[PDB]
>>> print(open('protein.csv').read())   # CSV, C-alpha atoms
chain,number,residue,atom,x,y,z
A,5,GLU,CA,24.9,-32.4,-22.6
A,6,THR,CA,23.1,-30.5,-25.3
A,7,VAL,CA,19.7,-30.4,-26.9
A,8,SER,CA,18.3,-28.9,-30.1
A,9,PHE,CA,14.9,-27.6,-31.1
A,10,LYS,CA,13.6,-26.4,-34.5
A,11,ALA,CA,12.0,-23.0,-35.0
A,12,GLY,CA,8.5,-23.1,-33.7
A,13,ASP,CA,9.0,-26.0,-31.3
A,14,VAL,CA,7.6,-25.7,-27.8
A,15,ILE,CA,10.3,-26.1,-25.2
A,16,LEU,CA,8.4,-25.5,-22.0
A,17,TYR,CA,4.7,-25.3,-21.1
A,18,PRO,CA,3.1,-23.2,-18.3
A,19,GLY,CA,2.3,-24.8,-15.0
A,20,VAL,CA,4.0,-26.4,-12.0
A,21,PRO,CA,7.4,-27.7,-13.2
A,22,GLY,CA,7.6,-31.5,-13.4
A,23,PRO,CA,10.2,-33.2,-11.1
A,24,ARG,CA,12.6,-33.7,-13.9
A,25,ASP,CA,12.1,-30.3,-15.6
A,26,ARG,CA,15.3,-28.5,-16.4
A,27,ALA,CA,16.3,-24.9,-16.8
A,28,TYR,CA,18.2,-24.0,-20.0
A,29,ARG,CA,21.1,-21.9,-21.2
A,30,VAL,CA,20.9,-20.8,-24.9
A,31,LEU,CA,23.9,-21.7,-27.0
A,32,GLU,CA,22.5,-20.7,-30.4
A,33,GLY,CA,19.3,-19.1,-31.7
A,34,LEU,CA,16.5,-17.2,-30.1
A,35,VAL,CA,14.0,-18.3,-27.5
A,36,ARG,CA,10.7,-16.4,-26.9
A,37,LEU,CA,9.0,-16.6,-23.6
A,38,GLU,CA,5.3,-15.7,-23.9
A,39,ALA,CA,2.0,-15.6,-22.0
A,40,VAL,CA,-0.9,-17.1,-24.0
A,41,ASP,CA,-4.5,-16.4,-23.3
A,42,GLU,CA,-7.6,-18.6,-23.6
A,43,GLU,CA,-8.0,-17.5,-27.3
A,44,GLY,CA,-4.5,-18.6,-28.2
A,45,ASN,CA,-3.0,-15.1,-28.5
A,46,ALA,CA,0.3,-14.2,-27.0
A,47,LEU,CA,2.1,-11.4,-25.2
A,48,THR,CA,5.9,-11.7,-25.4
A,49,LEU,CA,7.4,-11.5,-21.9
A,50,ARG,CA,11.1,-11.9,-22.8
A,51,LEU,CA,13.5,-12.8,-25.6
A,52,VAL,CA,16.4,-15.1,-24.7
A,53,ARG,CA,19.6,-14.7,-26.8
A,54,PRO,CA,22.7,-16.9,-26.8
A,55,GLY,CA,24.2,-17.0,-23.3
A,56,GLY,CA,20.8,-16.3,-21.7
A,57,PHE,CA,18.8,-18.5,-19.4
A,58,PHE,CA,15.2,-19.6,-19.0
A,59,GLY,CA,13.1,-22.2,-17.2
A,60,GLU,CA,14.9,-21.2,-14.0
A,61,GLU,CA,11.7,-21.7,-12.0
A,62,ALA,CA,12.4,-25.5,-12.2
A,63,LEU,CA,15.4,-25.0,-10.0
A,64,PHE,CA,13.2,-23.5,-7.3
A,65,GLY,CA,9.8,-25.3,-7.5
A,66,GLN,CA,8.2,-22.1,-8.8
A,67,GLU,CA,5.2,-22.1,-11.1
A,68,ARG,CA,6.0,-21.4,-14.8
A,69,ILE,CA,3.6,-18.7,-16.1
A,70,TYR,CA,4.9,-18.8,-19.7
A,71,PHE,CA,5.5,-20.9,-22.8
A,72,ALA,CA,9.1,-21.2,-23.9
A,73,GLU,CA,9.1,-21.3,-27.8
A,74,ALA,CA,12.0,-21.6,-30.2
A,75,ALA,CA,11.8,-18.4,-32.3
A,76,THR,CA,14.5,-19.8,-34.5
A,77,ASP,CA,16.3,-23.2,-34.6
A,78,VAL,CA,18.0,-23.4,-31.2
A,79,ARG,CA,20.6,-25.4,-29.5
A,80,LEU,CA,20.3,-25.4,-25.7
A,81,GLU,CA,22.3,-26.6,-22.7
A,82,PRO,CA,20.2,-28.1,-19.8
A,83,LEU,CA,21.4,-27.0,-16.4
A,84,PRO,CA,22.1,-29.6,-13.7
A,85,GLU,CA,19.5,-29.8,-10.9
A,86,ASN,CA,22.2,-28.4,-8.6
A,87,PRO,CA,24.3,-25.8,-10.6
A,88,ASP,CA,27.8,-25.4,-9.4
A,89,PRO,CA,28.9,-21.9,-8.0
A,90,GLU,CA,30.2,-20.5,-11.3
A,91,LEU,CA,27.1,-21.6,-13.3
A,92,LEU,CA,24.9,-20.2,-10.5
A,93,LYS,CA,26.6,-16.9,-10.6
A,94,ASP,CA,26.1,-16.7,-14.4
A,95,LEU,CA,22.5,-17.6,-14.0
A,96,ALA,CA,22.1,-14.8,-11.3
A,97,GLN,CA,23.9,-12.3,-13.5
A,98,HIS,CA,21.4,-13.0,-16.3
A,99,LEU,CA,18.3,-13.0,-14.1
A,100,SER,CA,19.5,-9.6,-12.8
A,101,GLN,CA,19.9,-8.3,-16.3
A,102,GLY,CA,16.5,-9.8,-17.3
A,103,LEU,CA,14.8,-8.1,-14.4
A,104,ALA,CA,16.3,-4.7,-15.3
A,105,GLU,CA,15.1,-5.2,-18.9
A,106,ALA,CA,11.6,-6.0,-17.5
A,107,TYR,CA,11.8,-2.8,-15.5
A,108,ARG,CA,12.4,-0.9,-18.8
A,109,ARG,CA,9.5,-2.6,-20.4
A,110,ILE,CA,7.2,-1.6,-17.5
A,111,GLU,CA,8.4,2.0,-17.9
A,112,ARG,CA,7.6,1.9,-21.6
A,113,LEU,CA,4.1,0.4,-21.1
A,114,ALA,CA,3.3,3.0,-18.5
A,115,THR,CA,4.7,6.1,-20.1
A,116,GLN,CA,5.4,5.6,-23.8
A,117,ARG,CA,3.0,5.9,-26.8
A,118,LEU,CA,2.5,2.8,-28.9
A,119,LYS,CA,4.2,4.3,-32.0
A,120,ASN,CA,7.3,4.9,-29.9
A,121,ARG,CA,7.2,1.5,-28.3
A,122,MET,CA,6.9,-0.1,-31.7
A,123,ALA,CA,10.0,1.7,-32.8
A,124,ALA,CA,11.8,0.4,-29.8
A,125,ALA,CA,10.5,-3.1,-30.4
A,126,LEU,CA,11.7,-3.0,-34.0
A,127,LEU,CA,15.2,-2.0,-33.0
A,128,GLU,CA,15.3,-4.6,-30.3
A,129,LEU,CA,14.3,-7.4,-32.7
A,130,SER,CA,16.9,-6.1,-35.2
A,131,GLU,CA,19.6,-7.2,-32.8
A,132,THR,CA,18.4,-10.9,-33.0
A,133,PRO,CA,18.7,-13.7,-35.5
A,134,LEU,CA,15.2,-12.8,-36.7
A,135,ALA,CA,16.8,-10.0,-38.6
A,136,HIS,CA,19.5,-9.6,-41.3
A,137,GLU,CA,20.1,-7.2,-44.1
A,138,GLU,CA,18.7,-6.8,-47.6
A,139,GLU,CA,19.6,-4.0,-50.0
A,140,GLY,CA,21.8,-2.5,-47.3
A,141,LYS,CA,18.8,-2.2,-44.9
A,142,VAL,CA,17.9,-4.2,-41.9
A,143,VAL,CA,15.0,-6.6,-42.6
A,144,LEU,CA,13.1,-8.2,-39.8
A,145,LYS,CA,11.1,-11.4,-40.1
A,146,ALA,CA,7.9,-10.6,-38.1
A,147,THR,CA,4.2,-10.7,-38.9
A,148,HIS,CA,1.9,-8.1,-37.6
A,149,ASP,CA,0.5,-10.6,-35.1
A,150,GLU,CA,4.0,-11.2,-33.8
A,151,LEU,CA,4.6,-7.5,-33.6
A,152,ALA,CA,1.4,-7.1,-31.6
A,153,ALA,CA,2.6,-9.8,-29.2
A,154,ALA,CA,5.9,-7.9,-29.0
A,155,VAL,CA,4.4,-4.6,-27.9
A,156,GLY,CA,1.4,-6.1,-26.0
A,157,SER,CA,-1.2,-4.7,-28.4
A,158,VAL,CA,-3.6,-6.1,-30.9
A,159,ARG,CA,-3.4,-6.7,-34.7
A,160,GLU,CA,-5.5,-3.7,-35.8
A,161,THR,CA,-3.7,-1.1,-33.7
A,162,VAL,CA,-0.3,-2.4,-34.8
A,163,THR,CA,-1.3,-2.4,-38.4
A,164,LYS,CA,-2.2,1.3,-38.2
A,165,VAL,CA,1.0,2.2,-36.4
A,166,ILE,CA,3.1,0.3,-39.0
A,167,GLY,CA,1.2,2.0,-41.8
A,168,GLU,CA,2.0,5.4,-40.4
A,169,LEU,CA,5.7,4.6,-39.8
A,170,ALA,CA,5.8,3.4,-43.4
A,171,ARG,CA,4.1,6.5,-44.9
A,172,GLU,CA,6.5,8.7,-43.0
A,173,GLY,CA,9.5,6.8,-44.4
A,174,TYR,CA,10.8,5.0,-41.3
A,175,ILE,CA,10.1,1.6,-42.6
A,176,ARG,CA,8.7,-0.5,-45.5
A,177,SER,CA,6.3,-3.3,-44.6
A,178,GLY,CA,5.1,-6.4,-46.5
A,179,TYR,CA,5.1,-10.2,-46.8
A,180,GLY,CA,5.6,-10.8,-43.1
A,181,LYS,CA,8.7,-8.6,-43.1
A,182,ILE,CA,9.7,-5.1,-41.9
A,183,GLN,CA,12.5,-3.2,-43.6
A,184,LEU,CA,14.1,-0.5,-41.5
A,185,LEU,CA,14.9,2.6,-43.6
A,186,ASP,CA,15.7,5.3,-40.9
A,187,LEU,CA,17.5,3.7,-38.0
A,188,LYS,CA,18.4,7.1,-36.4
A,189,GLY,CA,14.8,8.2,-36.7
A,190,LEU,CA,13.5,5.0,-35.1
A,191,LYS,CA,16.0,5.4,-32.3
A,192,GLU,CA,14.8,9.0,-31.7
A,193,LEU,CA,11.2,7.7,-31.4
A,194,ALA,CA,12.3,4.8,-29.2
A,195,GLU,CA,13.9,7.2,-26.7
A,196,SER,CA,10.9,9.5,-26.5
A,197,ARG,CA,7.6,9.1,-24.6
A,198,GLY,CA,5.9,10.5,-27.7
B,5,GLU,CA,27.0,-7.5,9.5
B,6,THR,CA,23.8,-5.5,9.4
B,7,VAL,CA,22.7,-2.0,8.5
B,8,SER,CA,19.6,0.0,9.3
B,9,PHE,CA,17.7,2.8,7.5
B,10,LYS,CA,14.7,4.9,8.6
B,11,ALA,CA,11.5,5.2,6.5
B,12,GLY,CA,12.2,7.5,3.6
B,13,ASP,CA,15.9,7.1,3.6
B,14,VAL,CA,17.6,6.6,0.2
B,15,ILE,CA,19.5,3.3,0.1
B,16,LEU,CA,20.8,3.3,-3.5
B,17,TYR,CA,21.0,5.8,-6.3
B,18,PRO,CA,20.7,5.1,-10.1
B,19,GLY,CA,23.9,4.9,-12.1
B,20,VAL,CA,27.0,2.8,-12.5
B,21,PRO,CA,27.6,1.0,-9.2
B,22,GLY,CA,30.6,2.3,-7.2
B,23,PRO,CA,33.5,-0.2,-6.6
B,24,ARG,CA,32.3,-0.8,-3.0
B,25,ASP,CA,28.6,-0.8,-3.6
B,26,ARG,CA,26.8,-3.8,-2.1
B,27,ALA,CA,23.7,-5.7,-2.8
B,28,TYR,CA,21.3,-6.2,0.1
B,29,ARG,CA,19.0,-8.8,1.6
B,30,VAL,CA,16.0,-7.4,3.5
B,31,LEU,CA,15.7,-8.6,7.1
B,32,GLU,CA,12.8,-6.3,8.2
B,33,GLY,CA,10.7,-3.7,6.7
B,34,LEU,CA,9.8,-2.8,3.1
B,35,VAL,CA,12.1,-1.4,0.4
B,36,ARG,CA,10.7,0.3,-2.7
B,37,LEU,CA,12.6,0.3,-6.0
B,38,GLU,CA,11.5,3.1,-8.2
B,39,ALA,CA,12.4,5.0,-11.4
B,40,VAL,CA,12.2,8.7,-11.1
B,41,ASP,CA,11.9,11.2,-14.0
B,42,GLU,CA,13.3,14.7,-14.5
B,43,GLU,CA,10.3,16.2,-12.7
B,44,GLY,CA,10.9,14.2,-9.6
B,45,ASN,CA,7.9,11.8,-10.0
B,46,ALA,CA,8.2,8.1,-9.6
B,47,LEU,CA,7.1,4.8,-11.1
B,48,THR,CA,7.4,1.9,-8.6
B,49,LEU,CA,9.3,-1.0,-10.2
B,50,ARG,CA,9.3,-3.5,-7.4
B,51,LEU,CA,8.6,-3.8,-3.7
B,52,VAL,CA,11.1,-5.9,-1.7
B,53,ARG,CA,9.8,-7.7,1.5
B,54,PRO,CA,11.8,-9.4,4.2
B,55,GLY,CA,14.0,-12.1,2.7
B,56,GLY,CA,14.1,-10.3,-0.6
B,57,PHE,CA,17.1,-8.9,-2.4
B,58,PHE,CA,18.0,-5.7,-4.3
B,59,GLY,CA,21.0,-3.9,-5.6
B,60,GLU,CA,22.2,-7.1,-7.2
B,61,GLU,CA,23.6,-5.2,-10.2
B,62,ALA,CA,26.5,-4.3,-8.0
B,63,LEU,CA,27.6,-7.9,-8.0
B,64,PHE,CA,27.8,-7.8,-11.8
B,65,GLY,CA,28.9,-4.3,-12.8
B,66,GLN,CA,25.5,-3.6,-14.3
B,67,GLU,CA,24.0,-0.1,-14.3
B,68,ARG,CA,21.4,0.6,-11.6
B,69,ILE,CA,18.3,2.2,-13.3
B,70,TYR,CA,16.5,2.7,-10.0
B,71,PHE,CA,16.5,4.4,-6.6
B,72,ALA,CA,16.2,2.0,-3.6
B,73,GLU,CA,14.1,3.8,-0.9
B,74,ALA,CA,13.1,2.6,2.6
B,75,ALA,CA,9.3,2.5,2.5
B,76,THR,CA,9.3,1.8,6.2
B,77,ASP,CA,12.1,1.6,8.7
B,78,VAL,CA,14.3,-1.2,7.4
B,79,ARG,CA,17.1,-3.5,8.6
B,80,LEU,CA,19.3,-4.8,5.8
B,81,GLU,CA,22.1,-7.4,5.4
B,82,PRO,CA,24.8,-6.4,3.0
B,83,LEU,CA,25.9,-9.3,0.7
B,84,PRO,CA,29.6,-10.1,0.4
B,85,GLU,CA,31.2,-9.1,-3.0
B,86,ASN,CA,31.5,-12.9,-3.6
B,87,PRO,CA,28.4,-14.6,-2.2
B,88,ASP,CA,28.9,-18.3,-1.2
B,89,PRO,CA,27.0,-21.0,-3.1
B,90,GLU,CA,24.0,-21.1,-0.7
B,91,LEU,CA,23.6,-17.3,-0.6
B,92,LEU,CA,23.9,-17.2,-4.4
B,93,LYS,CA,21.2,-19.8,-4.8
B,94,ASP,CA,18.8,-17.8,-2.5
B,95,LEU,CA,19.6,-14.7,-4.5
B,96,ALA,CA,18.9,-16.5,-7.8
B,97,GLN,CA,15.6,-17.9,-6.4
B,98,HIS,CA,14.5,-14.4,-5.5
B,99,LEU,CA,15.5,-12.9,-8.8
B,100,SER,CA,13.6,-15.6,-10.6
B,101,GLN,CA,10.5,-14.9,-8.5
B,102,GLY,CA,11.0,-11.2,-9.1
B,103,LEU,CA,11.2,-11.6,-12.8
B,104,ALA,CA,8.0,-13.7,-12.8
B,105,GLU,CA,6.3,-10.9,-10.8
B,106,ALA,CA,7.5,-8.4,-13.4
B,107,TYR,CA,6.0,-10.6,-16.1
B,108,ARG,CA,2.7,-10.3,-14.3
B,109,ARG,CA,3.0,-6.5,-14.0
B,110,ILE,CA,3.7,-6.4,-17.8
B,111,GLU,CA,0.6,-8.5,-18.4
B,112,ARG,CA,-1.5,-6.1,-16.3
B,113,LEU,CA,-0.2,-2.9,-18.0
B,114,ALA,CA,-0.8,-4.4,-21.4
B,115,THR,CA,-4.3,-5.9,-20.8
B,116,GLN,CA,-5.9,-4.7,-17.7
B,117,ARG,CA,-8.0,-1.5,-17.1
B,118,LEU,CA,-6.7,1.0,-14.5
B,119,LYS,CA,-9.6,0.4,-12.1
B,120,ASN,CA,-8.8,-3.3,-12.0
B,121,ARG,CA,-5.0,-2.7,-11.8
B,122,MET,CA,-5.7,-0.4,-8.8
B,123,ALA,CA,-7.6,-3.1,-7.1
B,124,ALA,CA,-4.7,-5.4,-7.6
B,125,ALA,CA,-2.2,-2.8,-6.4
B,126,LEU,CA,-4.3,-2.2,-3.2
B,127,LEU,CA,-4.4,-5.9,-2.4
B,128,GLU,CA,-0.7,-6.2,-3.1
B,129,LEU,CA,0.1,-3.4,-0.7
B,130,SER,CA,-2.2,-4.9,1.9
B,131,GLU,CA,0.3,-7.7,2.3
B,132,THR,CA,3.1,-5.3,3.4
B,133,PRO,CA,4.0,-3.4,6.6
B,134,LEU,CA,2.4,-0.4,4.9
B,135,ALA,CA,-0.9,-1.9,6.0
B,136,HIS,CA,-2.6,-3.0,9.2
B,137,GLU,CA,-6.2,-3.2,10.4
B,138,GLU,CA,-8.6,-0.6,11.9
B,139,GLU,CA,-12.2,-1.3,12.9
B,140,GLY,CA,-11.7,-4.8,11.5
B,141,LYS,CA,-10.8,-3.6,8.0
B,142,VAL,CA,-7.5,-3.4,6.3
B,143,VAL,CA,-6.1,0.2,6.2
B,144,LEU,CA,-3.3,1.1,3.9
B,145,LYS,CA,-1.0,4.0,4.4
B,146,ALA,CA,-0.6,5.4,0.9
B,147,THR,CA,-1.2,8.9,-0.6
B,148,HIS,CA,-2.7,9.3,-4.1
B,149,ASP,CA,0.6,10.2,-5.5
B,150,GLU,CA,2.1,7.0,-4.1
B,151,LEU,CA,-0.8,5.0,-5.6
B,152,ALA,CA,-0.1,6.7,-8.9
B,153,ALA,CA,3.5,5.5,-8.7
B,154,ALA,CA,2.3,2.0,-7.8
B,155,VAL,CA,0.1,1.6,-10.9
B,156,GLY,CA,2.2,3.8,-13.2
B,157,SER,CA,-0.5,6.4,-13.7
B,158,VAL,CA,-0.9,10.1,-12.7
B,159,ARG,CA,-2.5,11.7,-9.7
B,160,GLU,CA,-5.7,12.9,-11.5
B,161,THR,CA,-6.6,9.5,-13.0
B,162,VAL,CA,-5.9,7.7,-9.8
B,163,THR,CA,-8.0,10.2,-7.8
B,164,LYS,CA,-11.0,9.5,-10.1
B,165,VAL,CA,-10.6,5.7,-9.9
B,166,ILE,CA,-10.3,5.8,-6.1
B,167,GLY,CA,-13.4,8.0,-6.0
B,168,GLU,CA,-15.4,5.5,-8.1
B,169,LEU,CA,-14.2,2.5,-6.0
B,170,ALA,CA,-15.3,4.5,-2.9
B,171,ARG,CA,-18.7,5.4,-4.2
B,172,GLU,CA,-19.3,1.8,-5.2
B,173,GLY,CA,-18.4,0.6,-1.7
B,174,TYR,CA,-15.1,-1.2,-2.2
B,175,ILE,CA,-13.1,1.2,-0.2
B,176,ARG,CA,-13.1,4.4,1.9
B,177,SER,CA,-10.4,7.0,1.2
B,178,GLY,CA,-9.0,9.9,3.2
B,179,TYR,CA,-6.1,11.4,5.1
B,180,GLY,CA,-3.4,9.6,3.1
B,181,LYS,CA,-5.1,6.2,3.8
B,182,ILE,CA,-7.2,3.7,2.0
B,183,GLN,CA,-9.6,1.4,4.0
B,184,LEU,CA,-10.5,-1.8,2.2
B,185,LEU,CA,-14.2,-2.7,2.7
B,186,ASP,CA,-14.8,-5.4,0.2
B,187,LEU,CA,-11.8,-7.7,-0.1
B,188,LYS,CA,-13.6,-10.4,-2.2
B,189,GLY,CA,-14.9,-7.7,-4.5
B,190,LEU,CA,-11.5,-6.2,-5.0
B,191,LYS,CA,-10.0,-9.6,-5.7
B,192,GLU,CA,-12.6,-10.1,-8.4
B,193,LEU,CA,-11.6,-6.8,-10.0
B,194,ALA,CA,-7.9,-7.7,-9.7
B,195,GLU,CA,-8.4,-11.0,-11.5
B,196,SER,CA,-10.4,-9.5,-14.4
B,197,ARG,CA,-9.1,-7.4,-17.4
B,198,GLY,CA,-12.1,-5.2,-16.9
>>> encode(input="protein.csv", output="structure tokens")
Amino acid sequence: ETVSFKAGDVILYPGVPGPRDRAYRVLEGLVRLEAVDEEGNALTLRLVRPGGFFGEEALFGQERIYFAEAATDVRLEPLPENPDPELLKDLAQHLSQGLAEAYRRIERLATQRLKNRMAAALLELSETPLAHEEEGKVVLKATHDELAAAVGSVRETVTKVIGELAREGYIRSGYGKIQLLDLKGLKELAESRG
Amino acid sequence: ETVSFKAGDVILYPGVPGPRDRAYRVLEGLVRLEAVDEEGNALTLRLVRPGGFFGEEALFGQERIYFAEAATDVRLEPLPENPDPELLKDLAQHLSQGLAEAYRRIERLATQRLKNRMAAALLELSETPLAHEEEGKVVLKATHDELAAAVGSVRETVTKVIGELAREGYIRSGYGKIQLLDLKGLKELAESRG
């Protein structure tokens, strides 16, 4: 069986999973897992690309501490309540990869300057359906508030970092989009603590 | 089959897993997964308690970006190269829980003050074999350098935070140990952004 969601639609809500809640495997599109505070602002916890899994806590009775939102139009595949061996192995493989990527995020938050973390965030997003190319340059669809959620910062600080990256020539910014001009330069920032 | 390691022994090294590398399930003791930089200093990525799993990347040919060290004497159970369904489900359950805990760590690093994160770190460690009780108070075996690795900070900043917590009466510190005096107070700090 398969289920579809339009960009912006809420797929899962935080809390103790309901008895018929299901985990999902992404077939197409991008899913964003995020923590939302009492003021309605978010912190992106993980991006799930095609082939990835989320909502796994429903298989184990574990509390869901995040919202699962459709970043783009998505087509999902609900997992059975009792995944067979091969599906379970694929789930485990992806949870292992996800945990390692979370480790990398922890490393960045603990040791990397915001400007450098933003460069990494921009490159990461450039590998998703939220980006494409215009005039031969990668163009990302992302507002400053979304970028703030991506690097775990606030609008003002992000706006200042984006402005500096723009003035230096790494990117161009406007109309809810970011155009990447110097990919090699951004990669160098992303790989440095700053 | 079962294997044992003494406190301080390296269980796994970072890099591409060897063809006979195995994942492990902890039977007794505490295992610490940590990232180590070029200067030999660490950032703790995850603590694995009895029943937990680590080294899972060996099951999937994924690069290991951490060292697996025996925090205390440990007894481990190597997983077969092809875990049966029930073992695989337990592994997945623990990777899911581990990922959720990583999400919480990301939230703390992005929104919580160091003093408050230290309170959380102290309480977390108090639930492991690294702690016990003396004079009716929890006493944690942890040097300032280890605490720095636990909260992703540096020795100096940790020393100052520990000194303030001590002067205020939350803890007592000395001889590589931390004595928790006000558990309720520490919990309040741990649950607040600061």
>>> residues_around(input="protein.csv", residues="residue 148 in chain A", least_positions_apart="6", cutoff="8 Å", atoms="all atoms listed in the file", output="JSON, numbers by chain")
{"A": [159, 162, 163, 180]}
>>> interface_residues(input="protein.csv", of="chain B", to="chain A", cutoff="8 Å", atoms="all atoms listed in the file", output="PyMOL selection string")
chain B and resi 47+49+60-61+63-64+66+69+88-89+92-93+95-97+99-104+106-107+109-111+113-115+156-157
>>> write_last_selection(input="protein.csv", atoms="C-alpha atoms", output="PDB file, keeping the file's coordinate frame")
ATOM      1  CA  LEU B  47       7.100   4.800 -11.100  1.00  0.00           C
ATOM      2  CA  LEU B  49       9.300  -1.000 -10.200  1.00  0.00           C
ATOM      3  CA  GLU B  60      22.200  -7.100  -7.200  1.00  0.00           C
ATOM      4  CA  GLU B  61      23.600  -5.200 -10.200  1.00  0.00           C
ATOM      5  CA  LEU B  63      27.600  -7.900  -8.000  1.00  0.00           C
ATOM      6  CA  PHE B  64      27.800  -7.800 -11.800  1.00  0.00           C
ATOM      7  CA  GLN B  66      25.500  -3.600 -14.300  1.00  0.00           C
ATOM      8  CA  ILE B  69      18.300   2.200 -13.300  1.00  0.00           C
ATOM      9  CA  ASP B  88      28.900 -18.300  -1.200  1.00  0.00           C
ATOM     10  CA  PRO B  89      27.000 -21.000  -3.100  1.00  0.00           C
ATOM     11  CA  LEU B  92      23.900 -17.200  -4.400  1.00  0.00           C
ATOM     12  CA  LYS B  93      21.200 -19.800  -4.800  1.00  0.00           C
ATOM     13  CA  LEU B  95      19.600 -14.700  -4.500  1.00  0.00           C
ATOM     14  CA  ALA B  96      18.900 -16.500  -7.800  1.00  0.00           C
ATOM     15  CA  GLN B  97      15.600 -17.900  -6.400  1.00  0.00           C
ATOM     16  CA  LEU B  99      15.500 -12.900  -8.800  1.00  0.00           C
ATOM     17  CA  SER B 100      13.600 -15.600 -10.600  1.00  0.00           C
ATOM     18  CA  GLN B 101      10.500 -14.900  -8.500  1.00  0.00           C
ATOM     19  CA  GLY B 102      11.000 -11.200  -9.100  1.00  0.00           C
ATOM     20  CA  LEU B 103      11.200 -11.600 -12.800  1.00  0.00           C
ATOM     21  CA  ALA B 104       8.000 -13.700 -12.800  1.00  0.00           C
ATOM     22  CA  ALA B 106       7.500  -8.400 -13.400  1.00  0.00           C
ATOM     23  CA  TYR B 107       6.000 -10.600 -16.100  1.00  0.00           C
ATOM     24  CA  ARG B 109       3.000  -6.500 -14.000  1.00  0.00           C
ATOM     25  CA  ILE B 110       3.700  -6.400 -17.800  1.00  0.00           C
ATOM     26  CA  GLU B 111       0.600  -8.500 -18.400  1.00  0.00           C
ATOM     27  CA  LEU B 113      -0.200  -2.900 -18.000  1.00  0.00           C
ATOM     28  CA  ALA B 114      -0.800  -4.400 -21.400  1.00  0.00           C
ATOM     29  CA  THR B 115      -4.300  -5.900 -20.800  1.00  0.00           C
ATOM     30  CA  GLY B 156       2.200   3.800 -13.200  1.00  0.00           C
ATOM     31  CA  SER B 157      -0.500   6.400 -13.700  1.00  0.00           C
TER      32      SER B 157
END
>>> closest_residue(input="protein.csv", among="B:173, B:57, B:187, B:153", to="residue 91 in chain B", atoms="all atoms listed in the file")
B:57
>>> closest_residue(input="protein.csv", among="A:73, A:41, A:81, A:32", to="residue 17 in chain A", atoms="only C-alpha atoms")
A:73
>>> atom_distance(input="protein.csv", atom1="CA of residue 85 in chain A", atom2="CA of residue 132 in chain A")
29.1 Å
>>> atom_distance(input="protein.csv", atom1="CA of residue 130 in chain A", atom2="CA of residue 142 in chain A")
7.0 Å
>>> closest_residue(input="protein.csv", among="A:127, A:151, A:133, A:43", to="residue 192 in chain A", atoms="all atoms listed in the file")
A:127
>>> closest_residue(input="protein.csv", among="B:158, B:144, B:30, B:126", to="residue 54 in chain B", atoms="only C-alpha atoms")
B:30
>>> residues_around(input="protein.csv", residues="residue 79 in chain B", least_positions_apart="6", cutoff="8 Å", atoms="all atoms listed in the file", output="ChimeraX atom specification")
/B:6-9,30-33
>>> residues_around(input="protein.csv", residues="residue 143 in chain B", least_positions_apart="4", cutoff="9 Å", atoms="all atoms listed in the file", output="compact mmCIF listing (two decimals) with C-alpha atoms, keeping the file's coordinate frame")
# COMPACT_ATOMS: atom_id res chain seq x y z
CA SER B 130 -2.20 -4.90 1.90
CA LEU B 134 2.40 -0.40 4.90
CA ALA B 135 -0.90 -1.90 6.00
CA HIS B 136 -2.60 -3.00 9.20
CA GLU B 137 -6.20 -3.20 10.40
CA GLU B 138 -8.60 -0.60 11.90
CA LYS B 181 -5.10 6.20 3.80
CA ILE B 182 -7.20 3.70 2.00
CA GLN B 183 -9.60 1.40 4.00
CA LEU B 184 -10.50 -1.80 2.20
>>> atom_distance(input="protein.csv", atom1="CA of residue 12 in chain B", atom2="CA of residue 34 in chain B")
10.6 Å
>>> closest_residue(input="protein.csv", among="A:170, A:124, A:15, A:51", to="residue 72 in chain A", atoms="all atoms listed in the file")
A:15
>>> residues_around(input="protein.csv", residues="residue 197 in chain A", least_positions_apart="3", cutoff="7 Å", atoms="all atoms listed in the file", output="compact mmCIF listing (two decimals) with C-alpha atoms, in the frame of the given file")
# COMPACT_ATOMS: atom_id res chain seq x y z
CA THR A 115 4.70 6.10 -20.10
CA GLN A 116 5.40 5.60 -23.80
CA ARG A 117 3.00 5.90 -26.80
CA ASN A 120 7.30 4.90 -29.90
>>> residues_near_point(input="protein.csv", point="(-16.8, -7.0, -4.8)", cutoff="12 Å", atoms="all atoms listed in the file", output="VMD selection string")
chain B and resid 120 123 169 to 170 172 to 175 184 to 196
>>> closest_residue(input="protein.csv", among="A:52, A:152, A:125, A:27", to="residue 75 in chain A", atoms="all atoms listed in the file")
A:52
